[PDB]
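In what follows, a structure is listed as structure tokens, so that the remarks can point back to it.
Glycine also receives a Cβ, built like all others from the backbone with ideal geometry; neighbour counts cover every protein chain displayed. Each value in this text was obtained by applying a stated rule to the coordinates, not by laboratory testing.
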RNA sequence: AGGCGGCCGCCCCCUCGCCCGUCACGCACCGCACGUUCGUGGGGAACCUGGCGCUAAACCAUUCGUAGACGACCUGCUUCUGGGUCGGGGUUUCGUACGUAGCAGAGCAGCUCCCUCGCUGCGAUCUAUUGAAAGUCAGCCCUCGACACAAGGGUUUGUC
RNA sequence: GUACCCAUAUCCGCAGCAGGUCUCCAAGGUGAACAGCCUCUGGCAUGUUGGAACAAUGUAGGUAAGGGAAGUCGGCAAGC
Ligand SMILES: [Mg+2]
Ligand SMILES: [Mg+2]
Ligand SMILES: [Mg+2]
Ligand SMILES: [Mg+2]
Ligand SMILES: [Mg+2]
Ligand SMILES: [Mg+2]
Ligand SMILES: [Mg+2]
Ligand SMILES: [Mg+2]
Ligand SMILES: [Mg+2]
Ligand SMILES: [Mg+2]
Ligand SMILES: [Mg+2]
Ligand SMILES: [Mg+2]
Ligand SMILES: [Mg+2]
Ligand SMILES: [Mg+2]
Ligand SMILES: [Mg+2]
Ligand SMILES: [Mg+2]
């Protein structure tokens, strides 16, 4: 990760971003759920219990 | 790996402004760099030595 | 220099991935010989007709996914090979595959 | 693109370390060339002696995939936070497994205590068991659960 | 005269050559069918080589969002 050897503004650098939502769905295939607790609360009980 | 970010865009004068934009975003794991060596360079008329 | 005997569950479905239809069952037995040579250590591997039936029971391309095997090691006599020990791989059937692991059989 | 030079205090000593004058000799090899030099010249293989020390690394084999036509490249190997094979979970893909029971089921046939949905038999499907069963890294993740393995081999490589 | 081959190995083609050569017998299922596919009686080792990997290019086969011949001398090929 190399620092940029030229400094430019261009209304492209130094903008205060606002992060809202970062998905962590199942990338091994098609993701259907966000978190493990949300997946368990949606699906309910299974044969594991 | 790679993820999304639902990001608010504070860039005026566009259709993008005041709206949520989802972008392709990578993740790079960066462990802290442990320092070992010091290398000095002399400026030669063929380059650096 | 032992006479030991151990059971295994070789997974041919994850030891074969990307082998053609007319070679998927013959490459499985080379994989079983390589697995026996890696586990027991002797190059001499003899598999049985029962294991031949258990592999070739479903054609060349529909290889059964997992096979319970039993590897016994024995000595050899009567003008033997330079490899004095040989692994006699025999087949033992089992209905299910879950919660089955390696068992040292007396 | 550096290694010789300068200062201080001593050391085994030298006052002929140089020019001017006297003395006597050293090969005077009797006419002959390549002679006198920065040379204790450059590097290579060995011989005997003094002191100070040094006690390895590549390549093959094997494994690995972030790489591959073959070579080549990035990797693991300890007996304790080492690696490998199964197993267990997590994720996912398809879509509800065999068996069992039904007062679900187009209906049909048979029996008699003559039967107030009577029973039995055949019967595509359906329901509950069932988001079930099945595969899941071989190029997905975690596992200190069970087994065995581990310094086990071959080739080559030195600077007055 | 009476053996044997009568053939993707006993014939011809320089050869154990995807070439050519005249005949009788012909089962079960699906199926109109001696069509195509799977079996039985009967034969065979994949057709003068095996092992490892699945790179380019190739030879055969199948797909592909939206447009549908706009490519090309021509709907050539492929597909309905
Ligand atoms: Mg089924
Ligand atoms: Mg005859
Ligand atoms: Mg011919
Ligand atoms: Mg012919
Ligand atoms: Mg010819
Ligand atoms: Mg017929
Ligand atoms: Mg018919
Ligand atoms: Mg052959
Ligand atoms: Mg032939
Ligand atoms: Mg298309
Ligand atoms: Mg389309
Ligand atoms: Mg049209
Ligand atoms: Mg037109
Ligand atoms: Mg034209
Ligand atoms: Mg045409
Ligand atoms: Mg089509």
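Any chance you could check the Cα centroid distance between segment C:1-17 and segment A:1-45 for me, in angstrom?
44 Å
At a 10 Å Cβ-Cβ cut-off, how would you order B:34, C:3, C:92, B:9, fewest neighbours first? Walk me through the numbers on the way to the answer.
Working: B:34 5, C:3 9, C:92 13, B:9 17.
Listed from fewest to most nearby Cβ atoms, that is B:34, C:3, C:92, B:9.
In deg cm²/dmol and to the nearest 500, what is the mean residue ellipticity at 222 nm of the protein assembly as shown if only DSSP H runs of at least 4 residues count, each as -39500 (n - 2.57), divided by the residue total?
Values: 4 runs with 36 residues, N = 204.
Calculated at 222 nm, the ellipticity per residue is -5000 deg cm²/dmol.
Rank these for me by crowding, A:33, C:97, going from fewest to most other beta carbons within 10 Å. Before the final figure, lay out each step's value.
Numbers: A:33 15, C:97 12.
Least crowded to most crowded, the residues run C:97, A:33.
Given the C-alpha centroids of segment C:64-102 and segment B:1-24, what is the distance between them in whole angstrom?
So the separation of the two Cα centres works out to 61 Å.
When N is the residue count of the protein assembly as shown, what does its C-alpha Rg come to as a fraction of 2.2 N^0.38 Å?
On the way: Rg = 30.7 Å, N = 204, 2.2 N^0.38 = 16.6 Å.
Taking N as the residue count of the protein assembly as shown, the ratio is 1.85.
Using Cβ contacts closer than 10 Å as the measure, can you line up C:46, C:73, A:32 from fewest to most? Intermediate results must be reported in sequence, preceding the final value.
Details: C:46 14, C:73 20, A:32 10.
Exposure proxy ranking, most exposed first: A:32, C:46, C:73.
Compute the angle between helix C:24-40 and the longest alpha-carbon principal axis of chain C, please, reported from 0 to 90 degrees and rounded to the nearest 10.
Helix C:24-40 sits at roughly 30 degrees to that axis.
How far apart, in nanometres, would the label points at residue A:38 and residue A:18 be if each is projected 7 angstrom from Cα along the Cα-to-Cβ direction?
Going by the 7 Å Cα→Cβ label model, 2.0 nm.
Mean shadow of chain C, computed from the convex hull of its alpha carbons, in nm²?
On the way: hull surface 30.1 nm².
Projected area, direction-averaged: 7.5 nm².
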